[PDB]
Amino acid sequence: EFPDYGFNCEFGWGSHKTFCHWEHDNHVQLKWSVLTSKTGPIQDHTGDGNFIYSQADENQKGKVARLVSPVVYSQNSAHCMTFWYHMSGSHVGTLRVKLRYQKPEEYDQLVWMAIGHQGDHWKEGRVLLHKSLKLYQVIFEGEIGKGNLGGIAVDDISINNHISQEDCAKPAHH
């Protein structure tokens, strides 16, 4: 199959919500919720209904949640990170992917970003996890929008693919 890197996450199934080996960042005010949704317009039909969610809420506007991956095995190969996201609504918020390094000190490098409405359906995002001797973790950062309908969903984060490096990158269409 593929090596057990501990990196992938579907966020479980109906009788089991999980963040796998990912962790909530303790430098920010909110965290991502794991939902099981078998109703309404945002669902995980392929994976028995579980995803993470950052609800738009004018009262929480501009606070962030950050989910932080295990350290990426980045030394021999690059990886293509794929994930799915759902950002419907004009004030749904902002989703950023960052690479967190340790060594000058701990700092974040912005590599992917989607601001506001992206469409009324799930979309595929991809980010190349470049080869690097300097070690890093991946961060999914949800910034709460002012809308009062919906929010940012993310699901099915994976490096289990054989996608060429040059074609990996799939930015947000805004």
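Residue positions are given as counts along the sequence shown, with the first one as 1.
Stretches compared: 28-36, 130-138. Higher mean C-alpha B-factor in the entry: 130-138. Between 56-64 and 121-129, the higher mean Cα B-factor belongs to 56-64. Among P70, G145, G49, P41, the highest C-alpha B-factor in the deposited entry belongs to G145. Listed residues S74, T94, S88, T82 were ranked by CA B-factor as deposited; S74 comes out on top. Ranked by Cα temperature factor within the chain, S15 sits in the highest third according to the deposited record. In this PDB entry, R100 carries a Cα temperature factor that places it within the middle third of its chain's modelled residues.
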